[PDB]
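A.B. asks: Okay, so here is protein_30.pdb, and as you'll see once you scroll down, it has PDB, C-alpha atoms.
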ATOM      1  CA  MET A   1       0.000   0.000   0.000
ATOM      2  CA  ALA A   2       2.041   2.881  -1.396
ATOM      3  CA  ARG A   3       0.058   6.152  -1.192
ATOM      4  CA  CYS A   4       2.985   8.002   0.470
ATOM      5  CA  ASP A   5       5.367   7.276  -2.456
ATOM      6  CA  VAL A   6       3.021   7.581  -5.461
ATOM      7  CA  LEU A   7       0.876  10.643  -4.838
ATOM      8  CA  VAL A   8       1.578  14.290  -3.981
ATOM      9  CA  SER A   9      -0.872  16.988  -2.883
ATOM     10  CA  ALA A  10      -1.536  20.213  -4.769
ATOM     11  CA  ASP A  11      -0.165  21.905  -1.691
ATOM     12  CA  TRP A  12       3.156  20.030  -1.891
ATOM     13  CA  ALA A  13       3.265  20.643  -5.637
ATOM     14  CA  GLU A  14       2.864  24.418  -5.501
ATOM     15  CA  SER A  15       5.692  24.632  -2.933
ATOM     16  CA  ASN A  16       7.968  22.514  -5.105
ATOM     17  CA  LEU A  17       7.495  23.817  -8.631
ATOM     18  CA  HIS A  18      11.188  24.668  -8.922
ATOM     19  CA  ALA A  19      12.701  22.006  -6.644
ATOM     20  CA  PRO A  20      15.923  20.185  -7.701
ATOM     21  CA  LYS A  21      15.359  17.187  -9.974
ATOM     22  CA  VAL A  22      11.565  17.521  -9.935
ATOM     23  CA  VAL A  23       9.718  17.961 -13.250
ATOM     24  CA  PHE A  24       5.996  18.542 -13.817
ATOM     25  CA  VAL A  25       4.410  16.936 -16.854
ATOM     26  CA  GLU A  26       0.898  17.597 -18.127
ATOM     27  CA  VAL A  27      -0.684  14.704 -19.999
ATOM     28  CA  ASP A  28      -3.929  14.827 -21.942
ATOM     29  CA  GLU A  29      -5.758  14.001 -25.184
ATOM     30  CA  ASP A  30      -4.213  16.958 -26.968
ATOM     31  CA  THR A  31      -2.264  19.869 -25.609
ATOM     32  CA  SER A  32      -4.983  22.434 -26.082
ATOM     33  CA  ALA A  33      -5.464  22.839 -22.320
ATOM     34  CA  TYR A  34      -1.722  23.048 -21.675
ATOM     35  CA  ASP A  35      -1.242  25.621 -24.457
ATOM     36  CA  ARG A  36      -3.872  27.862 -22.852
ATOM     37  CA  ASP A  37      -2.175  27.613 -19.486
ATOM     38  CA  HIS A  38      -0.344  25.140 -17.291
ATOM     39  CA  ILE A  39       1.375  24.640 -13.996
ATOM     40  CA  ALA A  40       4.450  26.901 -13.987
ATOM     41  CA  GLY A  41       7.447  25.178 -15.556
ATOM     42  CA  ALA A  42       5.466  22.108 -16.609
ATOM     43  CA  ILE A  43       6.091  20.420 -19.971
ATOM     44  CA  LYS A  44       3.512  18.527 -22.033
ATOM     45  CA  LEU A  45       3.141  15.011 -23.414
ATOM     46  CA  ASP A  46       0.451  14.584 -26.083
ATOM     47  CA  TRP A  47      -1.213  11.267 -25.384
ATOM     48  CA  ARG A  48      -2.165  10.801 -29.066
ATOM     49  CA  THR A  49       0.881  12.086 -31.009
ATOM     50  CA  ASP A  50       3.730  11.481 -28.525
ATOM     51  CA  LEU A  51       2.740   8.269 -26.769
ATOM     52  CA  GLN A  52       1.016   6.177 -29.402
ATOM     53  CA  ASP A  53       2.666   4.263 -32.258
ATOM     54  CA  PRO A  54       1.587   6.147 -35.368
ATOM     55  CA  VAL A  55       1.197   2.974 -37.455
ATOM     56  CA  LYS A  56       0.616  -0.141 -35.342
ATOM     57  CA  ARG A  57      -1.994  -0.333 -32.593
ATOM     58  CA  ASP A  58       0.407   0.027 -29.660
ATOM     59  CA  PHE A  59       2.052   2.708 -27.576
ATOM     60  CA  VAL A  60       5.696   3.670 -28.121
ATOM     61  CA  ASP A  61       8.413   1.067 -27.520
ATOM     62  CA  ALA A  62      11.330   1.598 -25.127
ATOM     63  CA  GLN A  63      13.557   3.356 -27.682
ATOM     64  CA  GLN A  64      10.794   5.702 -28.892
ATOM     65  CA  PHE A  65       9.906   6.460 -25.255
ATOM     66  CA  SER A  66      13.584   7.142 -24.449
ATOM     67  CA  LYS A  67      13.905   9.394 -27.484
ATOM     68  CA  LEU A  68      10.799  11.330 -26.535
ATOM     69  CA  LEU A  69      11.869  11.910 -22.904
ATOM     70  CA  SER A  70      15.403  12.897 -24.027
ATOM     71  CA  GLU A  71      13.906  15.526 -26.388
ATOM     72  CA  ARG A  72      11.524  16.907 -23.703
ATOM     73  CA  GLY A  73      14.292  17.116 -21.086
ATOM     74  CA  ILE A  74      13.275  14.394 -18.578
ATOM     75  CA  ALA A  75      16.109  12.420 -16.900
ATOM     76  CA  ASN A  76      16.067   8.942 -15.383
ATOM     77  CA  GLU A  77      16.910  10.510 -12.032
ATOM     78  CA  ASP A  78      14.180  13.174 -12.128
ATOM     79  CA  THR A  79      11.122  12.856  -9.936
ATOM     80  CA  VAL A  80       8.285  13.147 -12.488
ATOM     81  CA  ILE A  81       4.973  14.644 -11.295
ATOM     82  CA  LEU A  82       2.142  13.840 -13.725
ATOM     83  CA  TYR A  83      -1.152  15.726 -13.912
ATOM     84  CA  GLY A  84      -3.947  16.500 -16.297
ATOM     85  CA  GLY A  85      -7.557  17.225 -17.191
ATOM     86  CA  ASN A  86     -10.020  14.674 -18.477
ATOM     87  CA  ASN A  87     -10.082  13.412 -14.830
ATOM     88  CA  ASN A  88      -6.315  12.666 -14.629
ATOM     89  CA  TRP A  89      -7.085   9.600 -16.846
ATOM     90  CA  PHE A  90      -4.347  10.269 -19.293
ATOM     91  CA  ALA A  91      -1.990  11.280 -16.493
ATOM     92  CA  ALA A  92      -2.673   7.900 -14.886
ATOM     93  CA  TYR A  93      -2.147   6.272 -18.329
ATOM     94  CA  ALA A  94       1.237   8.029 -18.532
ATOM     95  CA  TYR A  95       2.057   6.984 -14.947
ATOM     96  CA  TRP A  96       1.468   3.381 -16.035
ATOM     97  CA  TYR A  97       3.768   3.906 -19.094
ATOM     98  CA  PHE A  98       6.502   5.287 -16.826
ATOM     99  CA  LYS A  99       6.315   2.224 -14.535
ATOM    100  CA  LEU A 100       6.188  -0.082 -17.570
ATOM    101  CA  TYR A 101       9.515   1.371 -18.696
ATOM    102  CA  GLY A 102      11.121   1.161 -15.258
ATOM    103  CA  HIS A 103      11.033   4.754 -14.010
ATOM    104  CA  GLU A 104      11.469   4.791 -10.239
ATOM    105  CA  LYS A 105      10.541   8.265  -8.983
ATOM    106  CA  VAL A 106       7.146   9.215 -10.428
ATOM    107  CA  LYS A 107       3.934  10.349  -8.824
ATOM    108  CA  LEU A 108       0.485  11.678  -9.641
ATOM    109  CA  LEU A 109      -0.675  15.135  -8.569
ATOM    110  CA  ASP A 110      -3.735  14.122  -6.535
ATOM    111  CA  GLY A 111      -6.842  15.482  -8.268
ATOM    112  CA  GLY A 112      -4.845  16.677 -11.289
ATOM    113  CA  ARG A 113      -5.838  19.878 -13.127
ATOM    114  CA  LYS A 114      -9.406  19.780 -11.767
ATOM    115  CA  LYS A 115      -8.222  20.000  -8.129
ATOM    116  CA  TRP A 116      -5.542  22.619  -8.957
ATOM    117  CA  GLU A 117      -8.108  24.841 -10.671
ATOM    118  CA  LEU A 118     -10.690  24.276  -7.954
ATOM    119  CA  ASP A 119      -8.063  25.386  -5.403
ATOM    120  CA  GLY A 120      -7.650  28.583  -7.435
ATOM    121  CA  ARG A 121      -3.898  27.957  -7.763
ATOM    122  CA  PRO A 122      -1.971  29.991 -10.350
ATOM    123  CA  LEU A 123      -1.494  28.747 -13.894
ATOM    124  CA  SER A 124       0.866  30.146 -16.501
ATOM    125  CA  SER A 125       0.788  30.644 -20.249
ATOM    126  CA  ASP A 126       4.563  31.228 -20.550
ATOM    127  CA  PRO A 127       6.211  28.800 -22.982
ATOM    128  CA  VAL A 128       8.518  26.174 -21.443
ATOM    129  CA  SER A 129      11.564  24.465 -22.959
ATOM    130  CA  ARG A 130      13.943  22.198 -21.018
ATOM    131  CA  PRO A 131      17.521  21.356 -22.010
ATOM    132  CA  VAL A 132      17.560  17.903 -23.639
ATOM    133  CA  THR A 133      18.627  14.925 -21.583
ATOM    134  CA  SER A 134      19.736  11.383 -22.239
ATOM    135  CA  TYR A 135      16.872   9.176 -21.021
ATOM    136  CA  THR A 136      17.302   5.405 -21.275
ATOM    137  CA  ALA A 137      14.233   3.268 -20.544
ATOM    138  CA  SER A 138      14.229  -0.310 -19.332
ATOM    139  CA  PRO A 139      12.536  -3.064 -21.360
ATOM    140  CA  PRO A 140       8.807  -3.251 -20.624
ATOM    141  CA  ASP A 141       7.764  -4.769 -17.307
ATOM    142  CA  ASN A 142       4.963  -6.940 -18.615
ATOM    143  CA  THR A 143       3.976  -8.029 -15.123
ATOM    144  CA  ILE A 144       1.778  -4.899 -15.272
ATOM    145  CA  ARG A 145       0.335  -5.368 -18.794
ATOM    146  CA  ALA A 146      -2.136  -7.984 -20.027
ATOM    147  CA  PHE A 147      -2.436  -9.125 -23.640
ATOM    148  CA  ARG A 148      -5.436 -10.750 -25.359
ATOM    149  CA  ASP A 149      -4.392 -14.410 -25.004
ATOM    150  CA  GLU A 150      -3.778 -14.060 -21.256
ATOM    151  CA  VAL A 151      -7.090 -12.238 -20.760
ATOM    152  CA  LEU A 152      -8.981 -15.082 -22.454
ATOM    153  CA  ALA A 153      -7.044 -17.537 -20.218
ATOM    154  CA  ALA A 154      -7.900 -15.457 -17.135
ATOM    155  CA  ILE A 155     -11.659 -15.972 -17.356
ATOM    156  CA  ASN A 156     -12.689 -17.522 -14.024
ATOM    157  CA  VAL A 157      -9.046 -17.460 -12.845
ATOM    158  CA  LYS A 158      -8.321 -13.784 -12.135
ATOM    159  CA  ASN A 159     -10.455 -10.804 -11.056
ATOM    160  CA  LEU A 160     -11.481  -8.901 -14.175
ATOM    161  CA  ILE A 161     -12.461  -5.351 -13.331
ATOM    162  CA  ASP A 162     -14.567  -3.614 -16.034
ATOM    163  CA  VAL A 163     -14.435   0.123 -15.352
ATOM    164  CA  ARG A 164     -16.842   1.208 -18.104
ATOM    165  CA  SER A 165     -20.356   2.540 -17.435
ATOM    166  CA  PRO A 166     -23.019   0.137 -16.247
ATOM    167  CA  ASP A 167     -24.913   0.389 -19.565
ATOM    168  CA  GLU A 168     -21.826  -0.587 -21.533
ATOM    169  CA  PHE A 169     -21.090  -3.387 -19.070
ATOM    170  CA  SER A 170     -24.551  -4.932 -19.382
ATOM    171  CA  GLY A 171     -24.391  -4.590 -23.171
ATOM    172  CA  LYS A 172     -27.388  -2.261 -23.352
ATOM    173  CA  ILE A 173     -25.153  -0.022 -25.465
ATOM    174  CA  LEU A 174     -22.172  -0.889 -27.662
ATOM    175  CA  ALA A 175     -20.251   2.287 -26.802
ATOM    176  CA  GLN A 181     -14.043   5.659 -32.602
ATOM    177  CA  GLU A 182     -13.970   3.401 -29.513
ATOM    178  CA  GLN A 183     -16.206   0.787 -31.088
ATOM    179  CA  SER A 184     -16.292  -2.976 -31.299
ATOM    180  CA  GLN A 185     -18.231  -5.774 -32.988
ATOM    181  CA  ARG A 186     -20.281  -6.907 -29.984
ATOM    182  CA  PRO A 187     -21.666  -5.432 -26.755
ATOM    183  CA  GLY A 188     -21.300  -7.058 -23.330
ATOM    184  CA  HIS A 189     -18.445  -7.763 -20.917
ATOM    185  CA  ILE A 190     -15.816 -10.444 -20.297
ATOM    186  CA  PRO A 191     -17.482 -13.394 -18.534
ATOM    187  CA  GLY A 192     -17.184 -13.203 -14.746
ATOM    188  CA  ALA A 193     -16.031  -9.580 -14.888
ATOM    189  CA  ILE A 194     -17.189  -7.199 -12.185
ATOM    190  CA  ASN A 195     -18.210  -3.626 -12.967
ATOM    191  CA  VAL A 196     -16.670  -0.799 -10.952
ATOM    192  CA  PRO A 197     -17.067   2.334 -13.075
ATOM    193  CA  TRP A 198     -13.714   4.178 -12.759
ATOM    194  CA  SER A 199     -15.209   7.364 -11.264
ATOM    195  CA  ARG A 200     -16.387   5.610  -8.085
ATOM    196  CA  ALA A 201     -12.769   5.720  -6.948
ATOM    197  CA  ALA A 202     -12.530   9.505  -7.151
ATOM    198  CA  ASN A 203     -13.987  12.491  -5.273
ATOM    199  CA  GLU A 204     -15.885  15.371  -6.862
ATOM    200  CA  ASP A 205     -12.753  17.520  -6.758
ATOM    201  CA  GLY A 206     -10.782  14.847  -8.673
ATOM    202  CA  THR A 207      -8.787  13.468  -5.742
ATOM    203  CA  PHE A 208      -8.546   9.743  -4.988
ATOM    204  CA  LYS A 209     -10.827   8.426  -2.259
ATOM    205  CA  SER A 210      -9.376   7.157   1.028
ATOM    206  CA  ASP A 211      -7.892   3.703   1.424
ATOM    207  CA  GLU A 212     -10.913   2.833   3.596
ATOM    208  CA  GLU A 213     -13.443   3.978   0.957
ATOM    209  CA  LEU A 214     -11.490   2.265  -1.845
ATOM    210  CA  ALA A 215     -11.072  -1.095  -0.075
ATOM    211  CA  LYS A 216     -14.826  -1.177   0.673
ATOM    212  CA  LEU A 217     -15.746  -0.245  -2.892
ATOM    213  CA  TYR A 218     -13.849  -3.159  -4.456
ATOM    214  CA  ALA A 219     -14.587  -5.646  -1.692
ATOM    215  CA  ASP A 220     -18.352  -4.940  -1.983
ATOM    216  CA  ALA A 221     -18.220  -5.259  -5.788
ATOM    217  CA  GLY A 222     -16.640  -8.680  -5.430
ATOM    218  CA  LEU A 223     -12.833  -8.306  -5.765
ATOM    219  CA  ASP A 224     -11.484 -11.698  -4.672
ATOM    220  CA  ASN A 225      -8.336 -11.403  -2.554
ATOM    221  CA  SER A 226      -7.366 -15.025  -3.367
ATOM    222  CA  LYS A 227      -6.999 -14.028  -7.059
ATOM    223  CA  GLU A 228      -4.686 -11.826  -9.150
ATOM    224  CA  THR A 229      -6.313  -9.021 -11.166
ATOM    225  CA  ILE A 230      -6.708  -7.418 -14.608
ATOM    226  CA  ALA A 231      -8.459  -4.098 -15.235
ATOM    227  CA  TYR A 232     -10.011  -2.972 -18.560
ATOM    228  CA  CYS A 233     -12.220  -0.338 -20.226
ATOM    229  CA  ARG A 234     -12.581   0.506 -23.981
ATOM    230  CA  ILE A 235      -8.980   1.552 -24.598
ATOM    231  CA  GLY A 236      -6.278   1.426 -21.917
ATOM    232  CA  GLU A 237      -7.601   4.743 -20.387
ATOM    233  CA  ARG A 238      -9.963   4.626 -17.367
ATOM    234  CA  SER A 239      -8.525   1.254 -16.654
ATOM    235  CA  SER A 240      -5.083   2.817 -16.065
ATOM    236  CA  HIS A 241      -6.654   5.050 -13.396
ATOM    237  CA  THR A 242      -8.163   1.973 -11.762
ATOM    238  CA  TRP A 243      -4.921   0.018 -12.127
ATOM    239  CA  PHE A 244      -3.219   2.833 -10.134
ATOM    240  CA  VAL A 245      -5.891   2.556  -7.416
ATOM    241  CA  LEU A 246      -5.566  -1.218  -7.160
ATOM    242  CA  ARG A 247      -1.773  -1.615  -7.362
ATOM    243  CA  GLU A 248      -0.307   1.646  -6.056
ATOM    244  CA  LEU A 249      -2.806   2.794  -3.414
ATOM    245  CA  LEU A 250      -4.400  -0.508  -2.298
ATOM    246  CA  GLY A 251      -1.177  -2.509  -2.570
ATOM    247  CA  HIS A 252      -2.232  -5.468  -4.675
ATOM    248  CA  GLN A 253       0.988  -6.860  -6.109
ATOM    249  CA  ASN A 254      -0.480  -8.670  -9.107
ATOM    250  CA  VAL A 255      -2.479  -6.162 -11.162
ATOM    251  CA  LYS A 256      -2.284  -5.819 -14.946
ATOM    252  CA  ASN A 257      -3.766  -3.189 -17.246
ATOM    253  CA  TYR A 258      -5.357  -4.764 -20.335
ATOM    254  CA  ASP A 259      -4.693  -1.935 -22.779
ATOM    255  CA  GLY A 260      -6.380  -3.719 -25.707
ATOM    256  CA  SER A 261      -9.565  -3.486 -23.641
ATOM    257  CA  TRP A 262     -13.070  -3.830 -25.186
ATOM    258  CA  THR A 263     -12.121  -2.258 -28.522
ATOM    259  CA  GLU A 264      -9.882  -5.323 -28.967
ATOM    260  CA  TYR A 265     -11.814  -7.967 -27.023
ATOM    261  CA  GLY A 266     -15.247  -7.065 -28.448
ATOM    262  CA  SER A 267     -13.802  -7.418 -31.976
ATOM    263  CA  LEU A 268     -12.133 -10.787 -31.481
ATOM    264  CA  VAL A 269     -13.689 -13.726 -33.342
ATOM    265  CA  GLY A 270     -15.143 -16.356 -31.005
ATOM    266  CA  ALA A 271     -14.309 -14.685 -27.668
ATOM    267  CA  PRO A 272     -16.675 -15.536 -24.767
ATOM    268  CA  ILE A 273     -19.072 -12.681 -24.024
ATOM    269  CA  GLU A 274     -21.463 -12.199 -21.128
ATOM    270  CA  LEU A 275     -24.516  -9.912 -21.057
ATOM    271  CA  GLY A 276     -26.514  -8.009 -18.470
ATOM    272  CA  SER A 277     -26.123  -7.134 -14.864
TER     273      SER A 277
END
Written as structure tokens, that's how I'd like the structure from this file.
C.D. replies:
Amino acid sequence: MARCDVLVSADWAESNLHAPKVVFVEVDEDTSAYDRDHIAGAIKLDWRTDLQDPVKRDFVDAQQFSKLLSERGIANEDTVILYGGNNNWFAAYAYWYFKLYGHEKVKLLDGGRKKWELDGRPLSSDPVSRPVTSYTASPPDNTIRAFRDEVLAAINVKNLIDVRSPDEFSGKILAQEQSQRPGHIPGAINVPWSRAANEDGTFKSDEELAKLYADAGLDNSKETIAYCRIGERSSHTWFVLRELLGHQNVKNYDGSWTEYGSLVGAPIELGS
């Protein structure tokens, strides 16, 4: 259970905007928000153009990730503080990428942009450029990623946490984030991602979070995989399960329903 090491408050953040070897990184859909204004000194990662493979359906490999961080001026030894709008979803997605590629010191700004703005804390429109660095990633740690064949093999073996809306989960509605069939993975439990967050964007307490998943049916005798439509809301939930609640065996299934719901002959379950 690692809340102390993985999360920083807006209060800590504002007092540490120019602290040695700390870098703030805004991650979202596009950089429109960041280009309007941002936390002072923060740099941006574009979740679509910087972090996705432009040809294959995948995110960037270790070399592409290293090249990107080198160009943006992030070092292996920097403490990276990630934040964003769209509910800190893409910031949590980036946090998961950082851990995948072996980065040690990285944390989320609790509540992201929503909490910062709600607090009335200053934002800046000054441009930011950092001197380039030499970042070298590790090979992916696939203990935190699930692929399609292991997800199919996990049915009835691992907890499968579906963080989509209840209407998607039951298959009442199908959903660019489309698939061939509605429904969920058999045996999956539905905990819509937002149940783990407060109105102001912050994560709920360890007490609230443990109750939420225990009541929904998370089985502590089983390992776990989280999923949504694309790796997005599921990365936020992955962070909750692994980093805050301390489960050691949690994978993000980034293929998610856009993959699974398009697979020929995959088991599908309806209703709930």
A.B. asks: Which protein, DNA or RNA residues have an atom at most 10 Å from (10.2, -2.5, -24.0), counting only C-alpha atoms? List them as a PyMOL selection string.
C.D. replies: chain A and resi 60-65+100-102+137-142
A.B. asks: Report as a Markdown table the residues of region 167-198 of chain A within 10 Å of region 226-250 of chain A, each with its shortest atom pair and distance in Å (one decimal), using only C-alpha atoms, ordered by chain and increasing residue number.
C.D. replies:
| residue | atom | partner | partner_atom | distance |
| --- | --- | --- | --- | --- |
| A:168 | CA | A:234 | CA | 9.6 |
| A:169 | CA | A:233 | CA | 9.5 |
| A:175 | CA | A:234 | CA | 8.4 |
| A:182 | CA | A:234 | CA | 6.4 |
| A:183 | CA | A:234 | CA | 8.0 |
| A:184 | CA | A:234 | CA | 8.9 |
| A:189 | CA | A:233 | CA | 9.7 |
| A:190 | CA | A:232 | CA | 9.6 |
| A:193 | CA | A:231 | CA | 9.4 |
| A:194 | CA | A:231 | CA | 9.8 |
| A:195 | CA | A:232 | CA | 9.9 |
| A:196 | CA | A:242 | CA | 9.0 |
| A:197 | CA | A:238 | CA | 8.6 |
| A:198 | CA | A:238 | CA | 6.0 |
A.B. asks: Here is a test: counting all atoms listed in the file, which residue of A:20, A:191, A:257, A:114 is nearest to residue 154 (chain A)?
C.D. replies: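 With all atoms listed in the file as the atom set, the closest residue is A:191.
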A.B. asks: For a quick check of understanding, using all atoms listed in the file, which of A:110, A:22, A:126, A:52 has the smallest distance to residue 210 (chain A)?
C.D. replies: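 For residue 210 (chain A), the nearest of the candidates is A:110.
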A.B. asks: Within 12 Å of (-18.9, -16.3, -27.1), in the coordinates the file gives, what residues turn up when you count all atoms listed in the file, written out as a ChimeraX atom specification?
C.D. replies: /A:152,186-191,265-275
A.B. asks: Take the residues from that selection and write them out as a short mmCIF file (atom, residue, chain, number, x, y, z; two decimals), keeping the file's coordinate frame, keeping C-alpha atoms.
C.D. replies:
data_model
loop_
_atom_site.label_atom_id
_atom_site.label_comp_id
_atom_site.auth_asym_id
_atom_site.auth_seq_id
_atom_site.Cartn_x
_atom_site.Cartn_y
_atom_site.Cartn_z
CA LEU A 152 -8.98 -15.08 -22.45
CA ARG A 186 -20.28 -6.91 -29.98
CA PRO A 187 -21.67 -5.43 -26.76
CA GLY A 188 -21.30 -7.06 -23.33
CA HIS A 189 -18.44 -7.76 -20.92
CA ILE A 190 -15.82 -10.44 -20.30
CA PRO A 191 -17.48 -13.39 -18.53
CA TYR A 265 -11.81 -7.97 -27.02
CA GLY A 266 -15.25 -7.06 -28.45
CA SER A 267 -13.80 -7.42 -31.98
CA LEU A 268 -12.13 -10.79 -31.48
CA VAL A 269 -13.69 -13.73 -33.34
CA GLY A 270 -15.14 -16.36 -31.00
CA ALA A 271 -14.31 -14.68 -27.67
CA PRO A 272 -16.68 -15.54 -24.77
CA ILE A 273 -19.07 -12.68 -24.02
CA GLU A 274 -21.46 -12.20 -21.13
CA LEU A 275 -24.52 -9.91 -21.06
#
A.B. asks: I'd like the residues picked by the PyMOL selection byres ((chain A and resi 222) around 10) written out as an NGL selection string, using the chain letters and numbers from the file.
C.D. replies: :A and (159 or 161 or 193-196 or 216-221 or 223-225)
A.B. asks: Using all atoms listed in the file, can you tell me which of A:86, A:32, A:133, A:156 comes closest to residue 67 (chain A)?
C.D. replies: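 Using all atoms listed in the file, residue 67 (chain A) sits closest to A:133.
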A.B. asks: Region 204-209 of chain A: which residues within 8 Å, counting only C-alpha atoms, same-chain residues fewer than 6 positions away excluded, as a ChimeraX atom specification?
C.D. replies: /A:87-88,110-112,114-115,118
A.B. asks: Between A:157, A:81, A:94, A:144, which one has atoms that come closest to residue 19 (chain A), using all atoms listed in the file?
C.D. replies: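 Checking each candidate against residue 19 (chain A), we get A:81 as the closest.
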A.B. asks: Would you please work out which residue, of A:260, A:41, A:85, A:54, is nearest to residue 149 (chain A) when using all atoms listed in the file?
C.D. replies: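 Distance minimum relative to residue 149 (chain A) lands on A:260.
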A.B. asks: Can you turn the PyMOL selection byres ((chain A and resi 9) around 9) into a concrete residue list for this file, as an NGL selection string?
C.D. replies: :A and (7-8 or 10-14 or 108-111)
A.B. asks: From the set A:50, A:28, A:119, A:104, which residue has the shortest atom-to-atom contact distance to residue 92 (chain A), counting only C-alpha atoms?
C.D. replies: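 Between A:50, A:28, A:119, A:104, the residue approaching residue 92 (chain A) most closely is A:28.
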A.B. asks: What does the distance between CA of residue 155 (chain A) and CA of residue 58 (chain A) come to in Å, to one decimal place?
C.D. replies: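 Atom-to-atom, CA of residue 155 (chain A) and CA of residue 58 (chain A) are spaced 23.5 Å apart.
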A.B. asks: At what distance in Å, to one decimal, does CA of residue 90 (chain A) lie from CA of residue 120 (chain A)?
C.D. replies: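 Calculated distance between CA of residue 120 (chain A) and CA of residue 90 (chain A) is 22.1 Å.
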A.B. asks: On this structure, the PyMOL selection byres ((chain A and resi 82) around 7) would catch which residues? List them as a VMD selection string, sorted by chain and number.
C.D. replies: chain A and resid 24 to 27 80 to 81 83 91 95 107 to 109
A.B. asks: Using the file's own x, y and z axes, so that the box edges lie along x, y and z, what centre and edge lengths in Å (one decimal) does a box around every listed atom of region 163-169 of chain A get when 4 Å is added on each side? Give it as lines of an AutoDock Vina configuration file.
C.D. replies:
center_x = -19.7
center_y = -0.4
center_z = -18.4
size_x = 18.5
size_y = 13.9
size_z = 14.2
A.B. asks: Could you pull the residues within 9 Å of residue 125 (chain A), counting all atoms listed in the file, minus those fewer than 6 positions along the same chain, as an NGL selection string?
C.D. replies: :A and (34-40)
A.B. asks: Distance CA of residue 117 (chain A)-CA of residue 33 (chain A), one decimal place?
C.D. replies: 12.1 Å
